[PDB]
Amino acid sequence: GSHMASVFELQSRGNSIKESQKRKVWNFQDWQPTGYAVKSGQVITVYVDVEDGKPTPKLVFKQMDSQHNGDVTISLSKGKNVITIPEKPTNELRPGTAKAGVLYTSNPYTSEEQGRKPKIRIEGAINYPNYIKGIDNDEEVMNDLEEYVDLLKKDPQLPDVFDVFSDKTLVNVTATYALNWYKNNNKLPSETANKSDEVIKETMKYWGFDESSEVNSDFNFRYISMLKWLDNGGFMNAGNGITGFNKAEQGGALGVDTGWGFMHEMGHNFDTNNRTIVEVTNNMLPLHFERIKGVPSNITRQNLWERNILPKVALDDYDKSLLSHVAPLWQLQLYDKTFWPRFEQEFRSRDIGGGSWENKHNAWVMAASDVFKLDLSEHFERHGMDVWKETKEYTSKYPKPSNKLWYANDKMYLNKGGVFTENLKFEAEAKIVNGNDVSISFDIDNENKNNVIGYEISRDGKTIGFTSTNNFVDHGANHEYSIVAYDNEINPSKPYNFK
């Protein structure tokens, strides 16, 4: 908050970049609050106390609303430091942004390295509004925001900034937007902080950081979501443990939006392993956040189950490009929610994957097979991946699944149902349409209506399709049909046959 101690004692928090690399995440920062704002070109005086000869903490100046992160690292020496605040190039900043920003501390050393905790004091800076979980209260900080927005009007050279520090995160937005958003929405910064922490917790659980080993343990970092000037770039961006969002998304940030846009960026930050294909695998994170909220996954949103995946995998003779590639892995995660953390754990701690596109694909098949104790070669080759003779040899040490796991789809959670009851009754009816197509519609009993995830269609003894919908059009009939319904745990019904 804006009435904090002038002398800060700094924890020796270790090098978060190095710790990151151990765990294959993308060089997370570990910025810690000061609550001070500065203008580019102003002088500040910083007093630093460390044991003689020991390494000193650093100051981070962060310019507001850059197309980049906006940070400059400022080195400090023991004793007095007369510092001129630096200035970012004008052309990097959203038009009309003051040359100004805020100070954080970075202290990337261990106790053993640094000795006694550094103490620092900063003179000549201005307090900007900020909430620090465990320190601040909502009433005061809202008052701080009211006061600072007024001060902004009087001195437009000051940075338009409000920060929320949680245990594990930083949310950086403008003060003017923050004040409006909290008031109009009847919300408080304490909630921004608590929700941010919940996101990191859920993310790290999903990724398999379960404290089972060093590469699976938490460490000292502060994940950062910050306002960036992204008008010309993509919608949002990622890197270095930072999510960037544009002006209009400040409310998403403060609300701790867990929709596709935000979580896709966090996903990029949580895996850099060059042994895998992170552009594919990082989508597992936003998909999960969709599922845990009951939201139809992007795979449903892009109509890919029906357009791409399900018709492809059914046949017996075996932005969106990326969802197709992730589909087989998502299906395994729909089938068993313990899959992904364990899969991530394998790639974090084992000499697997690497090499070409195709080599990494083959590694997924082997790793997923080990995790499940199932021979998943068929599963992956049904998605159109080329599984090699040796991979099949490797995986053939396990039994094949007895379920057609490639029929998994979002209905498995969206139904909020169970398995087929003993009373299951379903029927199919064919009509000839559009000239000479066979249009087969499906009806199911009321008790089982939310137990079904789709129907497999066979003709003259060959599987010709699977749809998660109530209708299938057979465009390729010149015939006896056989229909098998599938439930939320991918169990088949008895067949329904007609001629």
# chains A, B, ... in the order shown; residues from 1 in each chain; ligands from 1
$ residues_around --residues "residue 280 of chain A" --least-positions-apart "6" --cutoff "10 Å" --atoms "only C-alpha atoms" --output "list in words"
residues 268, 321, 322, 323, 324, 325, 326, 327 and 329 of chain A
$ residues_around --residues "residue 446 of chain A" --least-positions-apart "3" --cutoff "12 Å" --atoms "only C-alpha atoms" --output "VMD selection string"
chain A and resid 420 to 421 423 to 426 443 449 to 452
$ residues_around --residues "residue 26 of chain A" --least-positions-apart "4" --cutoff "8 Å" --atoms "only C-alpha atoms" --output "compact mmCIF listing (two decimals) with C-alpha atoms, in the first residue's frame"
# COMPACT_ATOMS: atom_id res chain seq x y z
CA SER A 20 12.95 -21.66 -14.05
CA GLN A 21 15.31 -23.48 -16.40
CA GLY A 239 7.44 -14.87 -22.50
CA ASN A 240 9.71 -14.59 -19.46
CA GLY A 241 6.86 -15.39 -17.05
CA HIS A 268 3.32 -20.57 -23.34
CA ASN A 269 5.11 -19.49 -20.16
CA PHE A 270 4.82 -22.87 -18.46
CA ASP A 271 6.74 -25.00 -21.01
CA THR A 272 9.92 -24.40 -23.03
$ closest_residue --among "A:130, A:246, A:16, A:212" --to "residue 166 of chain A" --atoms "only C-alpha atoms"
A:130
$ residues_around --residues "residue 334 of chain A" --least-positions-apart "3" --cutoff "8 Å" --atoms "only C-alpha atoms" --output "list in words"
residues 330, 331, 337, 408, 409, 410, 412 and 413 of chain A
$ closest_residue --among "A:23, A:494, A:201, A:153" --to "residue 427 of chain A" --atoms "only C-alpha atoms"
A:494
$ closest_residue --among "A:335, A:182, A:347, A:380" --to "residue 24 of chain A" --atoms "only C-alpha atoms"
A:347
$ residues_around --residues "residue 36 of chain A" --least-positions-apart "6" --cutoff "8 Å" --atoms "only C-alpha atoms" --output "ChimeraX atom specification"
/A:102-103,125-128
$ select_by_dssp --residues "segment 371-483 of chain A" --states "strand (DSSP E or B)" --output "MDAnalysis selection string"
chainID A and resid 426:433 437:444 452:459 462:467 471:474 481:483
$ select_by_dssp --residues "segment 52-198 of chain A" --states "alpha helix (DSSP H)" --output "ChimeraX atom specification"
/A:111-114,138-154,175-185,189-198
$ atom_distance --atom1 "atom CA of residue 47 of chain A" --atom2 "atom CA of residue 164 of chain A"
25.6 Å
$ residues_around --residues "residue 338 of chain A" --least-positions-apart "2" --cutoff "12 Å" --atoms "only C-alpha atoms" --output "list in words"
residues 205, 206, 207, 208, 288, 330, 332, 333, 334, 335, 336, 340, 341, 342, 343, 344, 345, 368, 371 and 372 of chain A
$ atom_distance --atom1 "atom CA of residue 454 of chain A" --atom2 "atom CA of residue 471 of chain A"
9.6 Å
$ residues_around --residues "residue 62 of chain A" --least-positions-apart "5" --cutoff "9 Å" --atoms "only C-alpha atoms" --output "PyMOL selection string"
chain A and resi 69-73+100-104
$ closest_residue --among "A:187, A:181, A:114, A:263" --to "residue 202 of chain A" --atoms "only C-alpha atoms"
A:263
